[PDB]
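Below you'll find the structure, written out as structure tokens, and then a few comments.
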Amino acid sequence: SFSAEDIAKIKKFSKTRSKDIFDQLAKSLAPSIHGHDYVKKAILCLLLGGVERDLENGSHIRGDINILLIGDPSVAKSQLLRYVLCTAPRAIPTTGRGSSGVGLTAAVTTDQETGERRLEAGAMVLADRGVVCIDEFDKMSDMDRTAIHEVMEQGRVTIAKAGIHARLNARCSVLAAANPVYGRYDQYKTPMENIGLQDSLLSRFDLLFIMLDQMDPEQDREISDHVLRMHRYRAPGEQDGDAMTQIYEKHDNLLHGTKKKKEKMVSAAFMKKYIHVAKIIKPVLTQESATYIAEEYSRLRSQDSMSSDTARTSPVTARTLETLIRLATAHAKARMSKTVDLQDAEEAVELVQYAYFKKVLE
Amino acid sequence: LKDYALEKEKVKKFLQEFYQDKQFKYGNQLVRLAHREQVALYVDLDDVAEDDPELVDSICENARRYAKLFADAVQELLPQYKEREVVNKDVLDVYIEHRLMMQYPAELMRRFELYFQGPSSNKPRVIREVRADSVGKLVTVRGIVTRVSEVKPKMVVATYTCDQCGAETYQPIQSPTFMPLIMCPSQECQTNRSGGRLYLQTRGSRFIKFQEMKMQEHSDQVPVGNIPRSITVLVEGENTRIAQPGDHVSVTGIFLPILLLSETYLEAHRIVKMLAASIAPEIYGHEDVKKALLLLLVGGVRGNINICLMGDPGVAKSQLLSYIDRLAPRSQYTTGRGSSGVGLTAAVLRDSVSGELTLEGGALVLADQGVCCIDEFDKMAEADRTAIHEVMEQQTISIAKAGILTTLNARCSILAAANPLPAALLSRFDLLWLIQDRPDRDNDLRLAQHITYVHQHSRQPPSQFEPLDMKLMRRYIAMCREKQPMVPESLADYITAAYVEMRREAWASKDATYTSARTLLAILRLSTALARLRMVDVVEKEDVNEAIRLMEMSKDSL
DNA sequence: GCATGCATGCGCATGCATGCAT
DNA sequence: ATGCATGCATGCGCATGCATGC
Ligand SMILES: Nc1ncnc2c1ncn2[C@@H]1O[C@H](COP(=O)(O)OP(=O)(O)O)[C@@H](O)[C@H]1O
Ligand SMILES: Nc1ncnc2c1ncn2[C@@H]1O[C@H](COP(=O)(O)OP(=O)(O)O)[C@@H](O)[C@H]1O
Ligand SMILES: [Mg+2]
Ligand SMILES: [Mg+2]
Ligand SMILES: [Zn+2]
């Protein structure tokens, strides 16, 4: 693939920062990638995750989140996917045509040695309580999407071939990266034409993000500065020209910059430990936030008459309320606490506002 | 070490001094066993707890020895309780009587079997956790049956008759394979040294029923990222014909190896099976979509009912199907192509015992006389859809391929879920329910409040009418299904009219309508089901009115 | 809407190696 | 002491199911 005295460090950092914990964790997610704060927050929410609930009648409520990123080429989506693969404990990359439905889903093979039928686990079966990254999601066939639908809905796989039948657990989370049908995102056309996906598939996803490569001179200057600062960097202790744990990372003149001396980034190991500890915690929802969330859900649904000229990326269904609750639970997990507060729901509401609506240019 | 004579005496006195249950149960059991009115006796280890608990531990550690001791004790106790001769005696009883009239193995004269029931204090184990530590002990396992073998006879004691003498030789069998005898060990032949040869007899020999079965772990007990494991159980005696494929069972038995590696197996002792419109209280709304499910569960007087629900995504159709699958006693649930083709219908497979080919059925075969649930119906293959249509219309499946020529009986009721109409569904399905969603602030607020309450308190909001548990609903359905109402002759003059005008209305609305004798048959079936719900012998008008209202509501869903 | 390419189970026979019951 | 039945590949012939390309 734990320490002893870092518990004091974790307790001190939590009791000190409190509210700023989530912001600092989101900011220090990936120094090598510039911008995209909301995407980093969503990735942190995936790392934390929701709460699975089981009731008396045996009904199951999903606790995982799903995010789909769509945008122009060279906006650092594959880099984010690779970073999630590196950081997540159980992370599995499965490209579009790399694996078929038989590879993603467990299958049945008749054993010649004994004459019996045995089950061989698929890609999603192995990644229980983990992360599955799918690059080039648009290239995937329809049948694979139909197979993935059951896992995205209830996280279980039903298999049956005469003489044997079973149900396997597939409680996983999915990252997906896809390109627009026209290659580059057309500003004028509606998002429905650009995405080119059925409503059910989008609804089963929890969050949709649209990223654009706007050629603004200031943004280009900042991006070039960051890229060349990262490229000029060389690891300390290595001779020039050669071929080939503190809570806050040591400041570097190249990785951070002179201006960034006022702030520091969290170390990777401490971040991993804190993420694990937070994932252990089981928060509880309060009554104050429930009415607020319900009223804001009603406002979101009634916004059809208040959308102005902006369009909606994804339809609003009953799953959106569960997504709101799950994001609130994740944000509550971000800082070590016990109850859900108002700002906790406000953050998820802001995320939904940013994700769900987009302006259309003439 | 300990002498077995003292423990045998303790067992004998225990079998005679357990009045504390007021009738003497063991006396009656022994009387029935002596008069050949009972062929099986079960011993409760919870009953033994009143006596010295050391016997319980000893039995849990050396079960086979104590089973044999109990059998011997019961055999010795049998003569005392005898009062009369056998009223009607069969072939084996005739042989036993003739042999007694004229040493014999104990099991040859014996005609009863003894079994142990696991203590309630003994916690059931997991198939994954039974290992070398449990070899030779008594264990309890909960699982799901997947494969069962046919019933066949198995030798217990073999009887040989000599060529030149009337003496009969007896050979016990304690191995899967045995070596038949040749020479006669009788004293007459030994003295004369005639060298006669023995011949096997089927009539004098003793046979017992034998069965194989396989069990798998529940999906809840499977660890992270693993696959359920399987175990093999042997069935003999009166325990035969109890377990069937697809059932959730609990078996108490012994863990024994087979011959320095060895292969393990289980020997079974006890096998056990594991308004009213309150279906899924967790889901808000859909008041008129739940009575149809109740009528589907109750069924008609062929009287089968098939229901299809078409709806936009996010209205939670799958949860209703899962609840129906869980509630029904015999039920199967299909998600899509993961159980296509061979998953349905049947396939030919090798046998564990006979070594030949036998037919094993699919989901539809298992769901015979039950309810089947299908999700994402529109995504199924053409062959699966044709098979489903054949099941719906004819209730039998016909298979004719290389090596297979069979007609399987499948009397199952189908509930299907789908997304958005084709004429096949309207012409074939009895009831179609189209669920459409539109934004309303008050309804949205109510649904959000209910969903938040469900997520917070982990229980549906309380109301004036409390719902009911699954056991009570199952018992109520079982009680309701007993009766069979009849339609009175006079009400025909009503019902026919209620049909004709309806069709006339359908003739007025030429846009999109479908009516035939199938609608009348569905109305009659629904009316009979509603009358059965009231336990009335004669169908009443209110049932017909309710069925007509339900059909109209289904039709009015655009 | 259908024939074909690509696995995969089924049933079978055939050849090479070895381990011991009559 | 010796010859043979069996375990373990491997070719042969076949049917069956899933995907796609015109
Ligand atoms: N905002 C950014 N900050 C730093 N580097 C970037 C940024 N956007 C793109 N890049 C660089 O451009 C490359 C984009 O490649 P890739 O991540 O494969 O694009 P995509 O995932 O959109 O196909 C990366 O190697 C990355 O180093
Ligand atoms: N009327 C309702 N009452 C309560 N919860 C609902 C309702 N409709 C939808 N939901 C919630 O929305 C989710 C819908 O998911 P799912 O059942 O997979 O939808 P579908 O079955 O339509 O694909 C469920 O988890 C359920 O908790
Ligand atoms: Mg990329
Ligand atoms: Mg569904
Ligand atoms: Zn003789």
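Chains: A, B, ... in order of the structure tokens. Residues: from 1 per chain. Ligands: from 1, in order shown.
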Using DSSP assignments from the backbone, pull out every residue in range 1-193 of chain A that falls under helix (DSSP H, G or I) and give it to me as an NGL selection string.
:A and (6-17 or 20-27 or 37-48 or 77-87 or 101-104 or 123-126 or 137-139 or 142-154 or 191-193)
Extract, using only C-alpha atoms (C1' of nucleotides), all DNA, RNA and protein residues at most 12 Å from residue 13 in chain C, discarding same-chain residues fewer than 6 positions from it, and format them as a short mmCIF file (atom, residue, chain, number, x, y, z; two decimals) with C-alpha atoms (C1' of nucleotides), in the first residue's frame.
```
data_model
loop_
_atom_site.label_atom_id
_atom_site.label_comp_id
_atom_site.auth_asym_id
_atom_site.auth_seq_id
_atom_site.Cartn_x
_atom_site.Cartn_y
_atom_site.Cartn_z
"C1'" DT D 10 -4.47 -30.93 -26.92
"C1'" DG D 11 -6.63 -31.36 -31.48
"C1'" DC D 12 -11.50 -31.87 -33.71
"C1'" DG D 13 -15.97 -30.95 -34.63
#
```
Compile the residues of chain A that lie within 12 Å of chain D, evaluated using only C-alpha atoms (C1' of nucleotides), and express the compilation as an MDAnalysis selection string.
chainID A and resid 100:102 113 141 143
Go ahead and write the selection's residues with N, CA, C and O atoms as a PDB file, in the first residue's frame.
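Done, and the output landed in part_27.pdb:
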```
ATOM      1  N   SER A 100     -14.706  -3.362 -21.554  1.00  0.00           N
ATOM      2  CA  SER A 100     -16.090  -3.492 -21.974  1.00  0.00           C
ATOM      3  C   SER A 100     -16.981  -3.763 -20.762  1.00  0.00           C
ATOM      4  O   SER A 100     -16.551  -3.684 -19.609  1.00  0.00           O
ATOM      5  N   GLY A 101     -18.249  -4.082 -21.028  1.00  0.00           N
ATOM      6  CA  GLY A 101     -19.171  -4.413 -19.957  1.00  0.00           C
ATOM      7  C   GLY A 101     -18.795  -5.666 -19.195  1.00  0.00           C
ATOM      8  O   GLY A 101     -19.058  -5.753 -17.991  1.00  0.00           O
ATOM      9  N   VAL A 102     -18.184  -6.640 -19.869  1.00  0.00           N
ATOM     10  CA  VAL A 102     -17.729  -7.852 -19.198  1.00  0.00           C
ATOM     11  C   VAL A 102     -16.536  -7.585 -18.284  1.00  0.00           C
ATOM     12  O   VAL A 102     -16.354  -8.302 -17.290  1.00  0.00           O
ATOM     13  N   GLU A 113     -12.099 -27.918 -14.535  1.00  0.00           N
ATOM     14  CA  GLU A 113     -11.512 -28.861 -13.588  1.00  0.00           C
ATOM     15  C   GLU A 113     -12.583 -29.613 -12.806  1.00  0.00           C
ATOM     16  O   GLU A 113     -12.480 -30.830 -12.613  1.00  0.00           O
ATOM     17  N   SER A 141     -19.566   2.782 -25.073  1.00  0.00           N
ATOM     18  CA  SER A 141     -20.778   2.316 -25.731  1.00  0.00           C
ATOM     19  C   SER A 141     -21.984   2.455 -24.807  1.00  0.00           C
ATOM     20  O   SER A 141     -21.852   2.624 -23.592  1.00  0.00           O
ATOM     21  N   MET A 143     -24.288   0.182 -24.054  1.00  0.00           N
ATOM     22  CA  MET A 143     -24.531  -0.979 -23.202  1.00  0.00           C
ATOM     23  C   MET A 143     -23.713  -0.904 -21.919  1.00  0.00           C
ATOM     24  O   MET A 143     -24.187  -1.274 -20.837  1.00  0.00           O
TER      25      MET A 143
END
```
Would you list the contacts of range 342-348 of chain B as JSON, numbers by chain, taking every protein, DNA or RNA residue within 12 Å and counting only C-alpha atoms (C1' of nucleotides), but skipping same-chain residues closer than 6 positions in sequence?
{"A": [108, 158, 159, 160, 161, 162, 163, 164, 165, 166], "B": [332, 333, 334, 335, 336, 356, 357, 358, 359, 360, 361, 362, 363, 364, 365, 366, 367, 368, 372, 374, 380, 381, 383, 384, 385, 386, 387, 388, 390, 391, 396, 397, 398, 399, 400, 401, 402, 403, 404, 405, 406, 407, 408, 409, 410], "C": [9, 10], "D": [16, 17]}
Using only C-alpha atoms (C1' of nucleotides) and all ligand atoms, which residues have at least one atom no more than 9 Å from ligand 3? Output them as number ranges by chain.
A: 73-79, 81, 135-136, 177-179
Since we have the selection now, will you write its residues out, keeping C-alpha atoms, as a compact mmCIF listing (two decimals), in the first residue's frame?
```txt
# COMPACT_ATOMS: atom_id res chain seq x y z
CA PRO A 73 -8.94 20.34 -24.44
CA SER A 74 -5.96 21.23 -22.23
CA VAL A 75 -7.87 22.34 -19.12
CA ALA A 76 -6.12 19.81 -16.82
CA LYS A 77 -8.87 17.20 -16.45
CA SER A 78 -6.67 14.14 -16.98
CA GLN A 79 -4.17 15.64 -14.53
CA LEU A 81 -7.95 12.27 -12.63
CA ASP A 135 -11.34 9.10 -19.20
CA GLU A 136 -12.87 9.57 -22.66
CA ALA A 177 -14.12 12.97 -18.20
CA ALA A 178 -15.65 13.52 -21.63
CA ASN A 179 -15.15 15.78 -24.66
```
Sorted per-residue table, chain A near chain B, closest atoms and distance, 7 Å, only C-alpha atoms, as CSV:
```
residue,atom,partner,partner_atom,distance
A:55,CA,B:458,CA,6.2
A:125,CA,B:225,CA,6.3
A:126,CA,B:225,CA,4.9
A:127,CA,B:225,CA,6.8
A:128,CA,B:225,CA,5.5
A:158,CA,B:338,CA,6.3
A:159,CA,B:338,CA,5.2
A:160,CA,B:339,CA,4.9
A:161,CA,B:343,CA,4.4
A:162,CA,B:362,CA,5.3
A:163,CA,B:360,CA,6.1
A:164,CA,B:146,CA,6.2
A:167,CA,B:219,CA,6.3
A:168,CA,B:219,CA,6.4
A:200,CA,B:313,CA,6.0
A:285,CA,B:456,CA,6.1
A:290,CA,B:452,CA,6.2
A:294,CA,B:448,CA,5.2
A:295,CA,B:445,CA,6.7
A:298,CA,B:444,CA,5.7
A:301,CA,B:439,CA,6.5
A:302,CA,B:441,CA,6.7
A:317,CA,B:314,CA,5.9
A:318,CA,B:314,CA,5.8
A:319,CA,B:314,CA,6.4
```
